[PDB]
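Q: Input: one structure, supplied below.
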Amino acid sequence: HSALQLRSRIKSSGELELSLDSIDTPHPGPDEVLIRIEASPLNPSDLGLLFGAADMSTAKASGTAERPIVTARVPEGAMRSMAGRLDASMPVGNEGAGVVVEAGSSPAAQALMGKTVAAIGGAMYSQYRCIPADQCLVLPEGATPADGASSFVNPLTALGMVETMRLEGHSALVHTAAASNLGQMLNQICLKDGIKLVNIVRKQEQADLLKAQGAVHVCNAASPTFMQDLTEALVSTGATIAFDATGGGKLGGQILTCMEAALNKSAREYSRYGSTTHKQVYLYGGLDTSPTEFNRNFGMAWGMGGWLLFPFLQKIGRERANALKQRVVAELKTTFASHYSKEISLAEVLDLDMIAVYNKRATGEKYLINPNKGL
Amino acid sequence: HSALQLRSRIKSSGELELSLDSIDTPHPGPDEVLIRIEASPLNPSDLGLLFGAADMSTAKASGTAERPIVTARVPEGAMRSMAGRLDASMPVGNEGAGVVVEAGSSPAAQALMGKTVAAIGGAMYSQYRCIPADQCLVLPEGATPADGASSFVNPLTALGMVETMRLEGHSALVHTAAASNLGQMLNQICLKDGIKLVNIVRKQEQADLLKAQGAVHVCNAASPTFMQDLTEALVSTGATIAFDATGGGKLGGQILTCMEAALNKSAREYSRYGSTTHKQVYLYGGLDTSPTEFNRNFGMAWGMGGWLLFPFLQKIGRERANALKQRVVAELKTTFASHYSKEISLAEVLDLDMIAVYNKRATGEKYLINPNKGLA
Ligand SMILES: NC(=O)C1=CN([C@@H]2O[C@H](COP(=O)(O)OP(=O)(O)OC[C@H]3O[C@@H](n4cnc5c(N)ncnc54)[C@H](OP(=O)(O)O)[C@@H]3O)[C@@H](O)[C@H]2O)C=CC1
Ligand SMILES: NC(=O)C1=CN([C@@H]2O[C@H](COP(=O)(O)OP(=O)(O)OC[C@H]3O[C@@H](n4cnc5c(N)ncnc54)[C@H](OP(=O)(O)O)[C@@H]3O)[C@@H](O)[C@H]2O)C=CC1
């Protein structure tokens with residue numbers, strides 16, 4: 001049999017073509033299972049791969065309603081960033097969940113037969129995926145695929161922020177774009193675990209959503225007293241590590257500047273180079289594509305850098321990663337609940353009206369894909 | 001007796017006052033020595049303390065020729081940054097060298113009597129300093145105080161860059177403002193030790209200088225092909241750690257961008273997030289006072305942060321710190337040689353004409369103070 005899977009092709013011509021390809025469905029080998037995928041989130045990392053650097057204002061629809069095609073043009077300036085995927089037909093979708101419908105002969109694979117599972121196997125925007133049994137997370141009794149669709153990326157990143165805070169000797173943390181699904185989870189984790197947290201948003205609606213969910217400190221970057229508000233929240237929390245999803249713009253430096261201000265309130269001597277307390281900002285997303293810019297008014301005890309989930313998980317090791325996953329399974333519908341504004345079919349992923357919404361990365365407007373919808 | 005020491009005072013009034021204070025000279029306790037300081041450099045770290053956030057374009061001279069005063073205004077916007085030192089009379093000068101003229105009773109202190117020593121004691125812009133025996137570095141035979149005046153800050157930082165490179169798992173390095181005194185030392189270390197090094201300068205004449213000193217790789221930020229030149233140098237050297245003296249501006253991000261370009265020439269697969277090889281830029285100076293700005297076109301495996309000598313020495317421990325200091329002594333006049341364009345008295349530090357030159361932190365224009373020059 002064959003079935004459909006989304007593909008994203010950036011051509012050397014400068015064209016993006018998004019399509020639903022007909023792909024033969026493998027039978028699983030001894031150590032594999034075949035999963036009928038029923039739920040897979042559209043996260044920012046997936047959008048990055050889906051559209052690459054295409055200018056989506058140039059998008060045009062062709063194909064048929066059942067087999068849509070979207071083409072768009074990548075600007076000349078962006079082509080070098082695409083070099084490594086030129087002329088490659090890329091499957092899309094980091095993670096998802098569904099039902100195991102075939103299992104290879106091994107006892108590991110056989111033990112998953114008929115179970116509802118989640119996996120971060122890539123190519124999850126697909127009707128069927130043949131995956132190793134050891135890459136599957138069995139979901140709790142009563143969890144639907146939609147309940148388990150987002151078990152890996154956001155939950156483990158949220159837990160990994162706290163883990164990183166501890167490992168690197170900090171006691172409280174700051175998180176930006178905090179009304180994201182990930183931010184909502186982090187807030188739940190911090191409230192439950194007694195970890196002081198500064199949430200940073202950019203609209204009062206976002207601040208209300210978090211306050212409604214019990215957030216103690218919410219600072220609005222849009223506010224004319226933001227720096228005052230943030231400094232006061234940092235005095236309160238003692239946070240010296242930050243996770244910034246924006247990446248570009250000024251927020252990273254603003255946070256460093258406010259941390260140093262907060263630290264200096266308790267400074268006992270004059271320090272030539274500021275506080276000796278290390279302040280860290282991790283840029284773990286790139287929602288703001290403008291240049292990163294900051295003044296260095298925070299002394300010498302600071303760092304900023306990238307953060308990625310998979311290298312993190314490799315660092316803490318598989319046992320500790322498992323302890324984190326166990327928590328996610330146990331709290332799947334509470335601490336690690338995700339909200340989606342819409343559930344759509346594979347064909348609907350390539351509807352220009354759908355793209356127009358979900359490609360905003362707007363608060364409360366995450367879409368869930370059901371590759372098999374209505375069938 | 002008493003003798004002179006420079007003082008820098010930023011007052012709550014918004015005024016910087018620079019002066020020579022008359023300070024009673026201590027007699028050393030058992031574990032101390034008294035040094036007559038004959039050589040102390042004006043390094044950028046010192047100038048930071050000396051002038052603070054004062055706008056020196058507003059500086060004014062008063063006092064007398066032998067006892068000069070300089071006053072200047074700190075702008076209101078900088079006063080928060082000065083908060084920790086308001087109304088404090090600050091001694092200045094991290095490091096220097098001189099002769100031990102009195103020693104406390106302990107054998108450790110007695111062993112230094114009459115020796116030429118260097119110390120990083122602070123308050124070195126002073127005719128005499130009473131400091132612990134255990135903070136003195138005994139200089140080698142035939143070294144004048146001038147020869148040892150700069151034994152700590154630049155030599156140990158240069159060695160510390162190489163140490164940090166190794167500690168953090170890198171095999172080669174990049175260094176900016178490379179025609180600095182420190183840069184010239186770093187290039188000699190790397191030549192002698194066989195470390196691949198990319199030197200970045202801002203003027204072609206600085207590239208000429210380093211090439212004349214044997215530098216293998218020198219890139220000029222003013223070059224119209226800078227990014228290509230830097231990327232090629234990074235392919236050649238495999239460097240994945242940089243020390244940036246500029247801090248502000250674009251150079252840090254440029255380096256990261258070129259490092260990722262160089263790494264991706266060996267890319268086996270397509271990484272959604274670029275190379276997995278960690279690239280690190282330490283901003284160890286702030287010569288460029290503008291905002292730091294960069295595009296993040298270098299993947300996720302990167303870091304940028306501050307770097308300071310004293311936290312570093314504390315991290316490596318006293319034994320390893322002592323081994324670095326021993327190498328500095330051994331190569332004091334070769335690898336770790338420092339050039340000064342002028343030697344000035346204590347009173348001349350406060351001459352606005354002298355300030356106008358030394359405060360540029362211009363290549364080959366480092367000034368050496370002899371606190372006892374012209375004095376009894
Ligand atoms: N490094 C890593 O391994 C990983 C990173 N991530 C990152 O975490 C972040 C959250 O993911 P997720 O919970 O799925 O996101 P959501 O789609 O659920 O929420 C996104 C949030 O970002 C805000 N936002 C969008 N654009 C900007 C902007 N330019 N500046 C400031 N805020 C903005 C939105 O607010 P508004 O309504 O105002 O648009 C919204 O609240 C993303 O950057 C994602 O890439 C997630 C997992 C791992
Ligand atoms: N973090 C730490 O613990 C320490 C840091 N340092 C730092 O090392 C650096 C070198 O010190 P040192 O060798 O004594 O300095 P020098 O005075 O010998 O040389 C300074 C160099 O900086 C260049 N420069 C000056 N201003 C700028 C600018 N705006 N942008 C780019 N380049 C500039 C000069 O070139 P030009 O002629 O073009 O002006 C010159 O080549 C300094 O930043 C110093 O603070 C040193 C020791 C320890």
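Each chain of the structure tokens is named A, B, ... in the order shown, its residues numbered from 1; ligands are numbered from 1 in display order.
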Around ligand 2, which protein and nucleic acid residues have at least one atom no more than 6 Å from it, if we count only C-alpha atoms and all ligand atoms? List them as a PDB file with N, CA and C atoms, in the first residue's frame.

A:
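Written output follows (selection.pdb):
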```pdb
ATOM      1  N   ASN B  43      47.291  50.767  31.605  1.00  0.00           N
ATOM      2  CA  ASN B  43      46.582  49.800  30.786  1.00  0.00           C
ATOM      3  C   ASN B  43      45.106  50.272  30.701  1.00  0.00           C
ATOM      4  N   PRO B  44      44.361  49.764  29.717  1.00  0.00           N
ATOM      5  CA  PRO B  44      42.935  50.116  29.580  1.00  0.00           C
ATOM      6  C   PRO B  44      42.106  49.854  30.829  1.00  0.00           C
ATOM      7  N   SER B  45      42.373  48.766  31.553  1.00  0.00           N
ATOM      8  CA  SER B  45      41.703  48.512  32.838  1.00  0.00           C
ATOM      9  C   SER B  45      41.959  49.638  33.822  1.00  0.00           C
ATOM     10  N   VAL B 153      49.176  41.504  33.888  1.00  0.00           N
ATOM     11  CA  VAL B 153      47.888  41.665  33.251  1.00  0.00           C
ATOM     12  C   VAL B 153      47.925  41.100  31.804  1.00  0.00           C
ATOM     13  N   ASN B 154      48.825  41.616  30.998  1.00  0.00           N
ATOM     14  CA  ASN B 154      48.910  41.134  29.602  1.00  0.00           C
ATOM     15  C   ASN B 154      49.498  39.732  29.428  1.00  0.00           C
ATOM     16  N   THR B 157      46.994  37.075  30.772  1.00  0.00           N
ATOM     17  CA  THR B 157      45.795  37.038  29.962  1.00  0.00           C
ATOM     18  C   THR B 157      46.102  36.316  28.670  1.00  0.00           C
ATOM     19  N   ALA B 177      41.759  43.045  17.871  1.00  0.00           N
ATOM     20  CA  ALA B 177      42.646  44.166  18.206  1.00  0.00           C
ATOM     21  C   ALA B 177      44.070  43.626  18.400  1.00  0.00           C
ATOM     22  N   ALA B 179      46.994  43.884  17.201  1.00  0.00           N
ATOM     23  CA  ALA B 179      48.235  44.699  17.241  1.00  0.00           C
ATOM     24  C   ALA B 179      48.409  45.387  18.581  1.00  0.00           C
ATOM     25  N   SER B 180      47.487  45.111  19.502  1.00  0.00           N
ATOM     26  CA  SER B 180      47.684  45.532  20.895  1.00  0.00           C
ATOM     27  C   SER B 180      48.963  44.943  21.461  1.00  0.00           C
ATOM     28  N   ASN B 181      49.493  45.552  22.519  1.00  0.00           N
ATOM     29  CA  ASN B 181      50.569  44.908  23.234  1.00  0.00           C
ATOM     30  C   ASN B 181      50.281  43.436  23.562  1.00  0.00           C
ATOM     31  N   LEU B 182      49.105  43.168  24.104  1.00  0.00           N
ATOM     32  CA  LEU B 182      48.746  41.792  24.457  1.00  0.00           C
ATOM     33  C   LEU B 182      48.714  40.871  23.227  1.00  0.00           C
ATOM     34  N   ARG B 202      42.318  46.288  12.806  1.00  0.00           N
ATOM     35  CA  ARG B 202      41.398  47.243  12.180  1.00  0.00           C
ATOM     36  C   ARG B 202      41.985  48.193  11.178  1.00  0.00           C
ATOM     37  N   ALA B 245      38.546  41.916  21.958  1.00  0.00           N
ATOM     38  CA  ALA B 245      38.845  43.061  22.797  1.00  0.00           C
ATOM     39  C   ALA B 245      37.907  44.210  22.527  1.00  0.00           C
ATOM     40  N   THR B 246      37.168  44.139  21.412  1.00  0.00           N
ATOM     41  CA  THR B 246      36.328  45.254  21.008  1.00  0.00           C
ATOM     42  C   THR B 246      35.021  45.316  21.779  1.00  0.00           C
ATOM     43  N   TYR B 284      36.542  40.091  26.115  1.00  0.00           N
ATOM     44  CA  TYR B 284      37.445  40.326  27.246  1.00  0.00           C
ATOM     45  C   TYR B 284      37.857  41.803  27.332  1.00  0.00           C
ATOM     46  N   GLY B 285      37.440  42.594  26.364  1.00  0.00           N
ATOM     47  CA  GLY B 285      37.632  44.038  26.420  1.00  0.00           C
ATOM     48  C   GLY B 285      36.419  44.745  25.912  1.00  0.00           C
ATOM     49  N   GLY B 286      36.437  46.048  26.065  1.00  0.00           N
ATOM     50  CA  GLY B 286      35.375  46.870  25.565  1.00  0.00           C
ATOM     51  C   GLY B 286      35.872  48.108  24.879  1.00  0.00           C
ATOM     52  N   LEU B 287      36.882  47.939  24.023  1.00  0.00           N
ATOM     53  CA  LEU B 287      37.470  49.060  23.319  1.00  0.00           C
ATOM     54  C   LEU B 287      36.434  49.799  22.521  1.00  0.00           C
ATOM     55  N   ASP B 288      35.469  49.075  21.933  1.00  0.00           N
ATOM     56  CA  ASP B 288      34.377  49.620  21.149  1.00  0.00           C
ATOM     57  C   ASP B 288      33.173  49.759  22.057  1.00  0.00           C
ATOM     58  N   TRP B 307      35.013  37.634  29.969  1.00  0.00           N
ATOM     59  CA  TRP B 307      36.178  36.898  30.434  1.00  0.00           C
ATOM     60  C   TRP B 307      37.068  37.858  31.199  1.00  0.00           C
ATOM     61  N   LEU B 308      37.412  37.475  32.417  1.00  0.00           N
ATOM     62  CA  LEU B 308      38.312  38.261  33.257  1.00  0.00           C
ATOM     63  C   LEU B 308      39.477  37.464  33.820  1.00  0.00           C
ATOM     64  N   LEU B 309      40.638  38.113  33.924  1.00  0.00           N
ATOM     65  CA  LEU B 309      41.857  37.423  34.320  1.00  0.00           C
ATOM     66  C   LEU B 309      41.756  36.807  35.723  1.00  0.00           C
ATOM     67  N   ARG B 361      44.214  54.624  23.719  1.00  0.00           N
ATOM     68  CA  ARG B 361      44.497  53.164  23.612  1.00  0.00           C
ATOM     69  C   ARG B 361      44.875  52.798  22.146  1.00  0.00           C
ATOM     70  N   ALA B 362      45.722  53.644  21.585  1.00  0.00           N
ATOM     71  CA  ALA B 362      46.217  53.498  20.200  1.00  0.00           C
ATOM     72  C   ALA B 362      47.399  52.533  20.165  1.00  0.00           C
ATOM     73  N   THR B 363      47.510  51.752  19.077  1.00  0.00           N
ATOM     74  CA  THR B 363      48.638  50.837  18.864  1.00  0.00           C
ATOM     75  C   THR B 363      49.999  51.460  19.064  1.00  0.00           C
ATOM     76  N   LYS B 366      51.308  52.915  24.355  1.00  0.00           N
ATOM     77  CA  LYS B 366      51.152  52.674  25.778  1.00  0.00           C
ATOM     78  C   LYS B 366      52.175  53.486  26.591  1.00  0.00           C
TER      79      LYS B 366
END
```

Q: Neighbours of ligand 1 within 8 Å, counting only C-alpha atoms and all ligand atoms, as a VMD selection string?

A: (chain A and resid 42 to 45 153 to 154 156 to 158 176 to 184 201 to 203 206 244 to 246 283 to 289 306 to 310 360 to 366) or (chain B and resid 300)

Q: Save out the residues we just selected, N, CA and C atoms, as a compact mmCIF listing (two decimals), in the first residue's frame.

A:
```txt
# COMPACT_ATOMS: atom_id res chain seq x y z
N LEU A 42 2.08 21.49 14.93
CA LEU A 42 2.87 22.44 14.10
C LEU A 42 3.60 23.38 15.05
N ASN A 43 4.81 23.02 15.44
CA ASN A 43 5.62 23.85 16.32
C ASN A 43 6.49 24.75 15.46
N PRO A 44 7.02 25.83 16.05
CA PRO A 44 7.96 26.71 15.29
C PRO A 44 9.11 26.02 14.62
N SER A 45 9.70 24.97 15.22
CA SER A 45 10.78 24.26 14.59
C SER A 45 10.29 23.56 13.31
N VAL A 153 8.84 17.67 22.54
CA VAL A 153 9.53 18.91 22.30
C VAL A 153 9.24 19.95 23.38
N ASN A 154 7.98 20.29 23.61
CA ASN A 154 7.72 21.33 24.58
C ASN A 154 7.89 20.85 26.06
N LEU A 156 9.79 18.39 27.38
CA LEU A 156 11.15 18.11 27.76
C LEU A 156 12.01 19.39 27.72
N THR A 157 11.66 20.33 26.85
CA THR A 157 12.36 21.62 26.83
C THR A 157 12.06 22.38 28.12
N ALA A 158 10.79 22.40 28.52
CA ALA A 158 10.41 23.09 29.74
C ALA A 158 11.14 22.47 30.95
N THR A 176 10.89 34.06 28.19
CA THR A 176 10.20 34.99 27.29
C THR A 176 9.25 34.28 26.34
N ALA A 177 8.47 35.07 25.61
CA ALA A 177 7.34 34.55 24.88
C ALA A 177 6.54 33.57 25.75
N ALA A 178 6.27 33.97 26.99
CA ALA A 178 5.91 33.03 28.05
C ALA A 178 4.47 32.50 27.95
N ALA A 179 3.63 33.14 27.15
CA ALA A 179 2.27 32.60 26.88
C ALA A 179 2.22 31.57 25.76
N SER A 180 3.37 31.15 25.24
CA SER A 180 3.41 30.02 24.39
C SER A 180 2.95 28.73 25.10
N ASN A 181 2.64 27.68 24.35
CA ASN A 181 2.31 26.42 24.99
C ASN A 181 3.44 25.93 25.89
N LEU A 182 4.68 26.07 25.42
CA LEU A 182 5.84 25.74 26.25
C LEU A 182 5.87 26.58 27.52
N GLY A 183 5.70 27.90 27.41
CA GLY A 183 5.68 28.77 28.56
C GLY A 183 4.62 28.46 29.60
N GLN A 184 3.44 28.07 29.12
CA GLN A 184 2.38 27.65 30.03
C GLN A 184 2.79 26.43 30.86
N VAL A 201 6.05 38.57 28.42
CA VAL A 201 5.14 38.52 27.28
C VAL A 201 5.17 39.87 26.55
N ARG A 202 4.41 39.99 25.47
CA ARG A 202 4.34 41.29 24.80
C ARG A 202 2.95 41.89 24.61
N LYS A 203 1.90 41.25 25.14
CA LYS A 203 0.53 41.77 25.07
C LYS A 203 -0.18 41.52 26.39
N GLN A 206 -1.76 38.06 26.86
CA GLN A 206 -0.79 37.02 27.21
C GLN A 206 -0.55 37.03 28.70
N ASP A 244 15.26 32.61 26.27
CA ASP A 244 14.65 33.60 25.40
C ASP A 244 14.31 32.94 24.06
N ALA A 245 13.02 32.92 23.73
CA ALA A 245 12.56 32.37 22.47
C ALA A 245 12.65 33.39 21.35
N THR A 246 12.84 34.67 21.66
CA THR A 246 12.82 35.72 20.63
C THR A 246 14.12 35.74 19.83
N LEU A 283 19.38 31.63 24.11
CA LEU A 283 18.49 31.94 22.97
C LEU A 283 18.10 30.59 22.40
N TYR A 284 16.91 30.12 22.75
CA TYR A 284 16.50 28.82 22.36
C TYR A 284 15.45 28.89 21.24
N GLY A 285 15.04 30.09 20.87
CA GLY A 285 14.28 30.26 19.64
C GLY A 285 14.65 31.52 18.89
N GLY A 286 14.01 31.72 17.74
CA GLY A 286 14.31 32.86 16.90
C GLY A 286 13.07 33.55 16.38
N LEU A 287 12.08 33.70 17.26
CA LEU A 287 10.82 34.33 16.88
C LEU A 287 11.04 35.73 16.31
N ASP A 288 12.05 36.46 16.81
CA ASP A 288 12.32 37.82 16.34
C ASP A 288 13.54 37.68 15.45
N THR A 289 13.38 37.88 14.14
CA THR A 289 14.46 37.61 13.18
C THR A 289 15.38 38.81 12.95
N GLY A 306 23.30 29.60 22.37
CA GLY A 306 22.22 28.77 21.87
C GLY A 306 21.90 27.66 22.87
N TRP A 307 20.69 27.13 22.79
CA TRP A 307 20.27 25.96 23.56
C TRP A 307 19.38 25.12 22.67
N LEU A 308 19.65 23.82 22.66
CA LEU A 308 18.87 22.87 21.91
C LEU A 308 18.56 21.62 22.71
N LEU A 309 17.34 21.14 22.51
CA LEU A 309 16.83 20.02 23.28
C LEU A 309 17.67 18.77 23.14
N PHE A 310 17.97 18.36 21.92
CA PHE A 310 18.61 17.05 21.77
C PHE A 310 20.01 16.95 22.40
N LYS A 360 1.60 32.58 11.89
CA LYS A 360 1.84 33.72 12.80
C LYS A 360 2.57 33.34 14.10
N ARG A 361 2.50 32.07 14.53
CA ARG A 361 2.96 31.68 15.87
C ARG A 361 2.30 32.56 16.95
N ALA A 362 1.03 32.86 16.73
CA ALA A 362 0.23 33.67 17.62
C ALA A 362 -0.20 32.91 18.90
N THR A 363 -0.28 33.63 20.02
CA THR A 363 -0.74 33.05 21.30
C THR A 363 -2.08 32.35 21.17
N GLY A 364 -2.15 31.13 21.69
CA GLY A 364 -3.40 30.35 21.62
C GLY A 364 -3.77 29.83 20.22
N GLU A 365 -2.88 30.02 19.23
CA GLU A 365 -3.19 29.70 17.84
C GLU A 365 -2.20 28.67 17.29
N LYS A 366 -1.90 27.65 18.08
CA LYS A 366 -1.19 26.48 17.61
C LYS A 366 -2.17 25.50 16.98
N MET B 300 23.04 26.90 16.36
CA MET B 300 22.69 26.92 17.77
C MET B 300 23.86 26.62 18.69
```

Q: May I ask you to extract the residues of chain B within 7 Å of chain A, using only C-alpha atoms, and to give them as a PyMOL selection string?

A: chain B and resi 84-85+270+291-295+300-307

Q: Dump C-alpha atoms for the selected residues as a PDB file, in the first residue's frame?

A:
```
ATOM      1  CA  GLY B  84      29.525  51.767  43.973  1.00  0.00           C
ATOM      2  CA  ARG B  85      32.406  54.300  44.095  1.00  0.00           C
ATOM      3  CA  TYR B 270      22.036  18.806   6.564  1.00  0.00           C
ATOM      4  CA  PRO B 291      26.083  48.249  21.314  1.00  0.00           C
ATOM      5  CA  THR B 292      26.995  44.695  20.445  1.00  0.00           C
ATOM      6  CA  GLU B 293      25.057  43.658  17.341  1.00  0.00           C
ATOM      7  CA  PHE B 294      24.837  40.430  15.364  1.00  0.00           C
ATOM      8  CA  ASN B 295      22.655  38.318  13.075  1.00  0.00           C
ATOM      9  CA  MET B 300      22.686  26.917  17.766  1.00  0.00           C
ATOM     10  CA  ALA B 301      26.113  25.682  18.952  1.00  0.00           C
ATOM     11  CA  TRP B 302      27.583  28.957  20.104  1.00  0.00           C
ATOM     12  CA  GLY B 303      28.284  31.051  23.131  1.00  0.00           C
ATOM     13  CA  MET B 304      29.421  34.569  23.827  1.00  0.00           C
ATOM     14  CA  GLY B 305      30.341  36.025  27.202  1.00  0.00           C
ATOM     15  CA  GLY B 306      32.671  38.033  29.422  1.00  0.00           C
ATOM     16  CA  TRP B 307      36.178  36.898  30.434  1.00  0.00           C
TER      17      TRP B 307
END
```

Q: Enumerate the residues of segment 131-358 of chain B with a DSSP assignment of alpha helix (DSSP H), computed from the backbone, and present them as a PyMOL selection string.

A: chain B and resi 145-148+153-167+181-193+204-212+226-237+251-264+309-316+318-330+346-349+352-358

Q: Record the distance separating atom CA of residue 38 of chain A and atom CA of residue 373 of chain A, expressed in Å with one decimal.

A: 7.2 Å

Q: Could you name the residues that touch residue 198 of chain B at 8 Å or less, counting only C-alpha atoms, but leaving out those on the same chain fewer than 3 positions away, as a VMD selection string?

A: chain B and resid 173 to 175 216 to 219 233 to 234 237 239

Q: Interatomic distance between atom CA of residue 94 of chain B and atom CA of residue 8 of chain B?

A: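 The value is 13.7 Å.
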
Q: Give me, please, the distance in Å between atom CA of residue 101 of chain B and atom CA of residue 342 of chain B, quoted to one decimal.

A: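 So the answer is 25.9 Å.
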
Q: I'd like the contact shell of residue 168 of chain B - 12 Å cut-off, only C-alpha atoms, skipping same-chain residues fewer than 6 positions apart - returned as a PyMOL selection string.

A: chain B and resi 160-162+240-242+277-282+303

Q: Can I get the selection written as a compact mmCIF listing (two decimals), in the first residue's frame, with N, CA and C atoms?

A:
```
# COMPACT_ATOMS: atom_id res chain seq x y z
N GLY B 160 46.34 32.87 29.44
CA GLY B 160 45.03 32.41 29.80
C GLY B 160 44.09 32.16 28.64
N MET B 161 44.27 32.90 27.56
CA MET B 161 43.51 32.62 26.31
C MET B 161 43.85 31.23 25.80
N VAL B 162 45.14 30.91 25.74
CA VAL B 162 45.56 29.59 25.32
C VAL B 162 45.10 28.49 26.29
N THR B 240 37.91 27.71 16.79
CA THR B 240 36.51 27.74 17.24
C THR B 240 36.30 28.51 18.55
N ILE B 241 37.34 29.15 19.05
CA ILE B 241 37.25 30.11 20.16
C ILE B 241 37.92 31.41 19.79
N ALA B 242 37.28 32.52 20.15
CA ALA B 242 37.80 33.84 19.89
C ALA B 242 37.83 34.63 21.16
N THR B 277 29.47 21.64 16.32
CA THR B 277 30.72 22.07 16.95
C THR B 277 30.53 23.43 17.63
N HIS B 278 30.78 23.45 18.93
CA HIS B 278 30.59 24.67 19.70
C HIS B 278 31.63 25.73 19.38
N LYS B 279 31.13 26.93 19.07
CA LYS B 279 31.91 28.11 18.77
C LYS B 279 31.73 29.11 19.91
N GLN B 280 32.83 29.64 20.42
CA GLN B 280 32.80 30.49 21.60
C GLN B 280 33.51 31.83 21.34
N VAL B 281 32.88 32.95 21.69
CA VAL B 281 33.54 34.27 21.65
C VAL B 281 33.53 34.85 23.04
N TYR B 282 34.69 35.14 23.60
CA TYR B 282 34.79 35.86 24.87
C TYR B 282 35.04 37.34 24.58
N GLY B 303 28.38 30.26 21.91
CA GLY B 303 28.28 31.05 23.13
C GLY B 303 29.10 32.31 22.98
```

Q: What lies within 12 Å of residue 135 of chain B using only C-alpha atoms, ignoring chain neighbours under 6 positions off, as a list in words?

A: residues 31, 32, 33, 34, 35, 95, 96, 97, 108, 109, 112, 117, 118, 119, 120, 121, 122, 129, 152, 318, 322 and 325 of chain B

Q: Taking into account only C-alpha atoms, which residue in the set B:71, B:88, B:27, B:222 is nearest to residue 103 of chain B?

A: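 Among the listed residues, B:27 lies closest to residue 103 of chain B.
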
Q: Considering only strand (DSSP E) as DSSP defines it on the backbone, what residues of segment 171-267 of chain A qualify? List them as a list in words.

A: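 Restricting segment 171-267 of chain A to strand (DSSP E) produces residues 173, 174, 175, 197, 198, 199, 200, 201, 218, 219, 220, 241, 242, 243, 244, 247, 248 and 249 of chain A.
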
Q: Might you pull out every residue within 7 Å of residue 328 of chain B, with only C-alpha atoms counted and same-chain residues fewer than 6 positions away left off, and present them as a ChimeraX atom specification?

A: /B:151,155,336

Q: Create the file for the chosen residues now, containing N, CA, C and O atoms and written as a short mmCIF file (atom, residue, chain, number, x, y, z; two decimals), in the first residue's frame.

A:
```
data_model
loop_
_atom_site.label_atom_id
_atom_site.label_comp_id
_atom_site.auth_asym_id
_atom_site.auth_seq_id
_atom_site.Cartn_x
_atom_site.Cartn_y
_atom_site.Cartn_z
N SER B 151 54.17 42.53 34.09
CA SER B 151 54.38 41.09 34.21
C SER B 151 53.09 40.30 34.35
O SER B 151 53.07 39.07 34.15
N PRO B 155 50.62 39.42 30.09
CA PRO B 155 51.17 38.09 29.90
C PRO B 155 50.24 36.96 30.37
O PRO B 155 50.13 35.93 29.69
N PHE B 336 57.22 37.92 26.14
CA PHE B 336 56.37 38.81 26.92
C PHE B 336 56.87 40.24 26.96
O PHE B 336 56.43 41.03 27.80
#
```

Q: Please list as a short mmCIF file (atom, residue, chain, number, x, y, z; two decimals) with N, CA, C and O atoms, in the first residue's frame every residue within 10 Å of residue 2 of chain A, counting only C-alpha atoms and excluding residues in the same chain fewer than 2 positions away.

A:
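Done, and the output landed in out-v7.cif:
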```cif
data_model
loop_
_atom_site.label_atom_id
_atom_site.label_comp_id
_atom_site.auth_asym_id
_atom_site.auth_seq_id
_atom_site.Cartn_x
_atom_site.Cartn_y
_atom_site.Cartn_z
N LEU A 4 0.01 8.99 2.15
CA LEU A 4 0.53 10.32 1.91
C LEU A 4 1.44 10.81 3.03
O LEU A 4 1.34 10.39 4.17
N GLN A 5 2.36 11.69 2.63
CA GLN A 5 3.28 12.36 3.54
C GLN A 5 3.61 13.69 2.94
O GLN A 5 3.81 13.80 1.74
N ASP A 21 3.08 13.87 -0.96
CA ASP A 21 3.62 12.85 -1.84
C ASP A 21 2.96 11.51 -1.47
O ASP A 21 2.66 11.23 -0.28
N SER A 22 2.82 10.67 -2.48
CA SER A 22 2.43 9.28 -2.28
C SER A 22 3.68 8.47 -2.03
O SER A 22 4.62 8.48 -2.84
N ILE A 23 3.73 7.83 -0.86
CA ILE A 23 4.90 7.15 -0.36
C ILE A 23 4.47 5.72 -0.06
O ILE A 23 3.44 5.50 0.57
N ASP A 24 5.25 4.75 -0.52
CA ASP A 24 4.99 3.37 -0.18
C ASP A 24 5.13 3.17 1.35
O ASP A 24 6.01 3.73 2.01
N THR A 25 4.25 2.37 1.90
CA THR A 25 4.23 2.20 3.35
C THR A 25 5.09 0.99 3.69
O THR A 25 4.76 -0.09 3.26
N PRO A 26 6.20 1.17 4.42
CA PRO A 26 6.99 -0.04 4.69
C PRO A 26 6.27 -1.03 5.63
O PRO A 26 5.41 -0.63 6.40
N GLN A 127 0.74 9.89 7.03
CA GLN A 127 -0.33 9.01 7.50
C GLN A 127 0.21 7.83 8.32
O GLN A 127 -0.42 7.45 9.30
N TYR A 128 1.35 7.28 7.90
CA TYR A 128 1.96 6.11 8.54
C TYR A 128 3.42 6.28 8.63
O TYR A 128 4.04 6.79 7.70
#
```
